[PDB]
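Single-letter residue listing:
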Amino acid sequence: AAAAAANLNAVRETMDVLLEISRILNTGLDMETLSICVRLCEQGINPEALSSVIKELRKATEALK
Amino acid sequence: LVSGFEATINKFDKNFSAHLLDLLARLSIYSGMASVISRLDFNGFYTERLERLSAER
Amino acid sequence: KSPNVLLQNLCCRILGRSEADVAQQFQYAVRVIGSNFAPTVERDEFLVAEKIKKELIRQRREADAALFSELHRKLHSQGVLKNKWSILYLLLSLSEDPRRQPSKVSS
């Protein structure tokens, strides 16, 4: 719609603000991966649980390289 | 009997070591107050045997 | 959203591999998420904000700590995310202190 395109503007801004926050803290992730984690957090999630996954899945894919 | 000597001593030792680590732990959680531990092993022998096993999340 | 397939989208991004090929690694991911889905603490995005300021101040990158004070407002401004605490709680956990390299891409 139009008010549904105003919401897509409202999220493309936020995903970009969190990317500037992503690079000043030097995370290994980029805009696509970051776009998943906001959707998880909207439902409510444990970031103590999420961070242990990401340090594992990024650590165990250079054995398939 | 060593079912009346050594077994009882080991049972007491289990319970006593458990209570001793409990007491040292219950001071270490908050933060001289640490001087009670510092005196008791002045050599630093058994200075800390719990390395704090981890938990999920 | 429905979080069981949403975590499956996530493993398609980190891994470059097919999720129909490898599924053992995705099983370890469901192991940790669905045992503790809720955090062990309450919401305070204020306490986590004053440690990201405290992170850039101790490096003496003080121009970027005032840029960050402007980025922290914008997350409240839109309000399309219910827990703005968790997204910052997540980004602090994935951080590193490089002790080099300050640059900008804002605006």
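Within every chain, residues carry numbers counted from 1 in written sequence order, not necessarily those of the entry, while residues missing coordinates are excluded from display. Whichever chain is written first becomes A and whichever ligand is written first becomes 1, with later ones labelled in order. The full assembly is larger than what is shown, and all values describe the shown chains rather than the whole. Neither water nor hydrogens contribute to the side-chain values; these are computed over all heavy atoms in the structure. Residues with missing side-chain atoms are left out of burial classes, side-chain pairs and their counts.

**Student:** Hey, could you run me through the nonpolar core in this one?
**Tutor:** When a protein is soluble and globular, its nonpolar side chains tend to lie buried together. In this structure, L18(A), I21(A), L40(A), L50(A), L10(C), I33(C) and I87(C) are the most contacted members of the largest nonpolar core, which totals 43 residues. Contributions of two or more residues to this core are made by α1 (3–24), α2 (31–43) and α3 (47–57) of chain A together with α1 (3–14), α2 (24–33), α3 (45–58), α4 (62–78) and α5 (84–93) of chain C. Look past the residues within four positions of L40(A) in its chain and what remains in contact with it is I45(A), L50(A), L6(C), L7(C) and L10(C). Residues belong to one nonpolar core when they are buried, are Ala, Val, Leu, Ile, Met, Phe, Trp, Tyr or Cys, and are joined through side-chain atoms within 4.5 Å. For every residue, the accessible area (1.4 Å probe, protein chains only) is compared with the maximum for its type, and the residue is labelled buried under 20%, exposed over 50%, or partly exposed between those bounds. By the criteria applied, helices consist of DSSP H or I runs no shorter than four residues and strands consist of E runs no shorter than two, each listed in order from the N terminus. Between two residues, a contact is recorded if the distance between any of their heavy atoms is within 4.5 Å.

**Student:** How do you make sense of the side chain of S51(A) when you look at a structure like this?
**Tutor:** Secondary-structure assignment places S51(A) in helix α3. Filtering out sequence-adjacent residues up to four positions away, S51(A) remains in contact with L90(C), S93(C) and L94(C).

**Student:** I tried to follow the environment of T14(A) on my own but got confused; where do I start?
**Tutor:** Within the fold, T14(A) resides in helix α1. Among the residues examined, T14(A) registers a relative accessible area of 10% and is labelled buried. Excluding anything up to four places from it in sequence, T14(A) contacts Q78(C) and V80(C).

**Student:** I'm lost on the pattern of salt bridges in this one. Help?
**Tutor:** Between side chains of opposite charge, a pair can form as their charged atoms come close. Here, a salt bridge means any side-chain nitrogen of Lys or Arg that lies within 4 Å of a carboxyl oxygen of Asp or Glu. A full pass over the atoms with the stated rule returns eleven salt bridges over all chains. The partner of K82(C) in a salt bridge is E42(A), with the nearest N and O atoms 3.5 Å apart. Placement of the pair is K82(C) in the loop between α4 and α5 and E42(A) in helix α2, with the two residues belonging to separate chains. For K82(C), a relative accessible area of 48% translates into the label partly exposed. Between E55(C) and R58(C) there is a salt bridge, with its nearest N and O atoms 2.5 Å apart.

**Student:** Got a minute to help me understand α2(C) in this structure?
**Tutor:** Residues spaced three or four apart along an α-helix face the same direction, because each turn holds 3.6 residues. All names here are of chain C. Along α2, the residues that are buried comprise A29, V32 and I33. For α2, the angular spread of the buried residues around the axis is 100 degrees, confining them to a single face. Among the exposed residues of α2, those pointing more than 90 degrees away from its buried face are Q24 and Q27. By construction, the arc corresponds to the directions joining the helix axis to the C-beta atoms.

**Student:** How do you make sense of the interface of chain A and chain C when you look at a structure like this?
**Tutor:** Often, the extent of an interface is quoted as the loss of accessible area upon association of its parts. Taken together, the contact between chain A and chain C spans 43 residues of the former and 45 residues of the latter. For the pair chain A and chain C, the summed buried surface comes to about 4400 Å²; carbon and sulfur atoms form 72% of the total. What qualifies as a polar contact is a pair of N or O atoms within 3.5 Å, subject to a donor-acceptor requirement within protein and to the restriction that residues adjacent in sequence count only when both atoms come from side chains. Our count for the chain A to chain C interface comes out at twelve residue pairs in polar contact. Broken down by secondary-structure element, the contributors of at least two residues to the side of chain A that touches chain C are α1, α2 and α3 of chain A. With twelve residues, the top contributor of residues to the side of chain A that touches chain C is α1(A). Put simply, buried area is how much 1.4 Å-probe accessible surface two parts lose in total, over both of them, once they are put together.

**Student:** Would you mind showing me how to read the state of the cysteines here?
**Tutor:** By definition, a disulfide links the sulfur atoms of two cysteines through a covalent bond. Residues and elements named next belong to chain A. Only a pair of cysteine sulfur atoms within 2.5 Å qualifies as a disulfide here. Enumeration over the complete set of coordinates arrives at zero disulfides over all chains. Take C37: it sits in no disulfide, and the sulfur closest to it among the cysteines is that of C41, at 8.7 Å. A relative accessible area of 4% means that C37 is categorised as buried. According to the relative accessible area criterion, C41 is buried, its value standing at 2%.

**Student:** Before we go on, may I ask you to explain a nonpolar patch on the surface in this structure?
**Tutor:** Taken together, the side chains of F16(B), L20(B) and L23(B) present a nonpolar region at the surface, about 290 Å² in accessible area. Structurally, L23(B) can be placed in helix α1 (residues 6–28). Residues qualify for a patch when their relative accessible area is over 30% and they have no salt bridge, like charges being joined within 9 Å and the nonpolar side chains of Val, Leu, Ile, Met, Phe, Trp and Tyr within 5 Å. Surface accessibility in these figures is a Shrake-Rupley result with a 1.4 Å probe; residues are shielded only by whichever protein chains are displayed.

**Student:** Would you mind showing me how to read unusual backbone geometry here?
**Tutor:** Negative phi characterises most residues that are not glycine, and trans characterises most peptide bonds. Residue and element names in this part refer to chain C. In this model, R99 sits at a positive phi of 50 degrees, which is unusual for a non-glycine residue. For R99, the position within the fold is in the segment after α5. Even without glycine at this site, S107 takes up a positive phi of about 55 degrees. Checked against the element boundaries, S107 lands in the segment after α5.

Geometric values such as these leave the question of function open.
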